[PDB]
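1. got a sequence here, can you build the structure:
(one chain, ligands or ions: 3)
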Amino acid sequence: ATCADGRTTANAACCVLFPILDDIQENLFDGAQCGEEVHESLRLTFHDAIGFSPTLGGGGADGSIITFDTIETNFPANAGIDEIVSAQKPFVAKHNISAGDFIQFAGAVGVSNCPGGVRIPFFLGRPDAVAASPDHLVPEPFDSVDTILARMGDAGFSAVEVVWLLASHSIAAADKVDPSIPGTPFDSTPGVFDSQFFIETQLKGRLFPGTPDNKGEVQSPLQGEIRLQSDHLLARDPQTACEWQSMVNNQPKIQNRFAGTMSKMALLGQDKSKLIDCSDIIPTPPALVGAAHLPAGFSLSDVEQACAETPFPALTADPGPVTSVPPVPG
Ligand code: HEM
Ligand SMILES: [Ca+2]
Ligand SMILES: [Ca+2]
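-> Numbers count the residues shown, from 1 in each chain. Ligands and ions are numbered 1, 2, ... in the order given. See the structure here:
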């Protein structure tokens, strides 16, 4: 098909996405950058989609977190999501796609702006949300590993799929875990979709980057990096540790598994055969920058080996003394 301005797409319903793409790239993502709004938009894909259970209910990736914002943004597990919901709302109102479609589209577009990123398949045609998600369907960083894995399992994901989705934490920061240090990333490269998250979570902890005693947090290996309790434990648990380690220095696996599992997440509560493929709209991401490494000052002895089948790979360390990670600009 050929759209209004001459750009082409396989299925013509998808032409509606071109003006939306242009608009969000300029006016939501600050000129196609991999920064705070991209990261928050990716977080939103999960907080919308995971509100799905075959028995507890919820419509999954249905836009409910926007349409029923006054209910959902008040769930404890959704703390801080109100900012990005408020930012996306006027875009949904202005454009001609459902809220569910918009959230997944914006996430996919955003990930495609990040160096090292991947093109996530994107489907059009989710109907409007019917009801708010039930509460207590979004995992929390202080939930037991088995609780997180069961919740994700209930939604349809294997333990290895949870690991692949958590590649998202390679382009990610926290504002509410430790409110004294908002914008503190989960890896040293929050502007690059890379394996540093999987590496740096495997290191022995050293310090709290801000205050002690925050729920859902444990010690981090680096000033200016924060470590979730859940991420600490998933890197070490027998169900997930070998898969976690397998991501290290394997950019093509990170990309391919993230794209496939994000597609599956984007379709929770939906039927792919009742939607239209608009994957060819997503831009081509920039190339990976940087290579897999231990942080400056670290060595292999600082890695906590938790995969029983295979030792952690030796990686070279950046040169020089231990440095600290800059926060993500708000
Ligand atoms: C498996 C269980 C998960 C837990 C317990 C978890 C927990 C968290 C927490 C506590 C934060 C910080 C929020 C704040 O204080 O500002 C966060 C951020 C984030 N999460 Fe996860 N998460 C999980 C899975 C995922 C998944 C599957 C995705 C996929 C999209 C995702 C994407 C993100 C992103 C991109 C951010 C960064 C937001 C920003 O930088 O503005 N998370 N996550
Ligand atoms: Ca939802
Ligand atoms: Ca990264």
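2. sec struct for residue 151, please.
-> helix (DSSP: H, G, I helix; E, B strand; the rest coil).
3. and the gap between it and residue 35?
-> Separation of residue 151 from residue 35 (CB to CB, to the nearest Å): 29 Å. The C-beta positions use only the backbone N, C-alpha and C, and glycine is treated the same way.
4. for residue 281, same thing?
-> 22 Å.
5. higher neighbour count, the two?
-> Neighbours per residue (other CB atoms under 10 Å) separate residue 281 from residue 35, with residue 281 holding more: 25 against 20.
6. was I right to think the more buried one contacts residue 17?
-> Yes: if you go by CB atoms under 8 Å, residue 281 and residue 17 touch, sitting 4.7 Å apart.
7. what's the overlap in contacts for those two?
-> Residues touching both residue 281 and residue 17 by CB atoms under 8 Å, 6 or more residues apart in numbering: residue 9.
8. close to ligand 1: what parts of the stretch 1-150 of the chain are there?
-> Counting by CB under 6 Å from any ligand atom, the stretch 1-150 of the chain comes close to ligand 1 at 36, 39, 40, 42, 43, 45, 46, 80, 139, 140, 141, 148.
9. please repeat the previous calculation with a cut-off of 8 Å.
-> By CB under 8 Å from any ligand atom, the residues of the stretch 1-150 of the chain that approach ligand 1 are 36, 39-40, 42-43, 45-46, 50, 79-80, 84, 107, 139-141, 143, 148.
10. the protein: strands as residue ranges?
-> 123-124, 173-174, 184-185, 217-218, 227-228, 276-277 (DSSP state E).
11. looking at these, which is closest to residue 313?
-> strand 227-228 (20.6 Å; CB to CB).
12. quick one: is the closest one near ligand 1?
-> Yes: on the criterion CB under 8 Å from any ligand atom, strand 227-228 is in touch with ligand 1 at residue 228.
13. same check on stretch 252-270?
-> Yes: Stretch 252-270 lies within reach of ligand 1 by CB under 8 Å from any ligand atom, at 262, 265.
14. buried set for that stretch?
-> 253-255, 257-259, 261-270 (16 or more other CB atoms under 10 Å).
15. tell me which two of those residues sit farthest apart.
-> Between any two of the buried residues of stretch 252-270, the greatest separation by CB to CB is 27.5 Å, found for 253 and 269.
16. list the contacts of the closest residue to ligand 3 within the stretch 201-330 of the chain.
-> Relative to ligand 3, the nearest point of the stretch 201-330 of the chain is residue 290 (8.7 Å; CB to the ion). Residue 290 is in contact with 189, 192, 194, 196, counting by CB under 8 Å, 6+ apart.
17. please apply the same query to residue 196.
-> Listed by CB under 8 Å, 6+ apart, the contact set of residue 196 reads 170, 187, 188, 189, 290, 292, 293.
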